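Just one chain follows, in the form deposited in one PDB entry, and it is written as structure tokens.
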């Protein structure tokens, strides 16, 4: 395969390195100029379990994707809010049969991706590998992991299984799963409850859990996610998903943490990903005729809070 790695951070660098080592033709694409320049001049340097390895991986600044060959596969490691811009910047690499594998754990990315490749050529996945970015052009590659992925498109299960096999040839331990839609929805329920509620109430997850109405608010939101998912033939186990959301309240695990959205807005004074979480459910709700008032309101509140902080 000719593969483009759209987002050459720690995980993209792992995938790019592993795929390159097995004889694939890889292009790294990244927005961090010092990262790009270091890798151009000296290759990607990695501590791999833990041997010092180098690889001269092709790399381009995402804004300078002019002359490169078109690719068979794009693997996406770009945050939701940067995804459409990345795709716009790299669209010259897309040929008719180019497949896209998303490893972004979020809902509705397909709708952006669909503008650039047909649904039949889009695959969604989760990665359980770890990776660390030590400095520009410098990665440390931890230990063990796996990839699970699924076709979007209808009738593309066989194609998804070949894609998995191909990634597995590079040691990525990839597998087909028909459970990826489900797991993305389940994770989004956590992201659609803890993030917005903590951000608006100014509490960590444990303190949210100590409130008298947290269970009601979480349950109501999860039911909205589930109504929308049911339209897409995904039947969430609502009680389990609610319990999974509420497991974040445990101060012994992650409860004392303030969630990523709180870090973005309250700490970093940056715009939140709310439109890609509760907003995505609101958008589907409008399309499907499904009421999502808590997702609507929470989204509206978080935007108001952003505005109030001049973010």
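Residue numbers count along the first chain shown, from 1.
Below: the form deposited with a small molecule bound, not depicted.
**Q** Just to be sure I understand the contacts: of 105, 173, 98, 138, which is the one whose heavy atoms reach within 4.5 angstroms of the small molecule in the deposited complex?
**A** Of the candidates 105, 173, 98, 138, 105 is the one lying within 4.5 Å of the small molecule in the deposited complex.
**Q** How about residue 216: is it within 4.5 Å of the small molecule in the deposited complex, going by heavy atoms?
**A** Taking the distances in the deposited complex, the answer for residue 216 is no, it never comes within 4.5 Å of the small molecule.
**Q** If we define contact as a non-hydrogen atom of the residue within 4.5 angstroms of the partner, is residue 284 a contact of the small molecule in the deposited complex?
**A** No, residue 284 sits far enough from the small molecule in the deposited complex that none of its heavy atoms falls within 4.5 Å.
**Q** Contact between residue 260 and the small molecule in the deposited complex at 4.5 Å, heavy atoms?
**A** Yes, contact at 4.5 Å.
**Q** Just to confirm, residue 187 within 4.5 Å of the small molecule in the deposited complex by heavy atoms?
**A** Residue 187: yes, in contact with the small molecule in the deposited complex.
**Q** Looking at the small molecule in the deposited complex, do all three of 22, 27 and 45 come within 4.5 Å of it through at least one heavy atom?
**A** Not a single listed residue reaches the small molecule in the deposited complex, so no.
**Q** Which is the contacting stretch out of 72-80, 90-98, 202-210, 158-166, given heavy atoms within 4.5 Å of the small molecule in the deposited complex?
**A** Within 4.5 Å of the partner lies stretch 72-80.
**Q** Compared with this form, is the residue 14-residue 270 Cα separation smaller or larger in the deposited complex, the difference being 3 Å or more?
**A** Relative to the shown form, the pair is closer.
**Q** Tell me whether residue 260 and residue 10 end up closer or farther apart in the deposited complex, going by their C-alpha atoms; the shift is 3 Å or more.
**A** Residues converge in the deposited complex, at least 3 Å closer.
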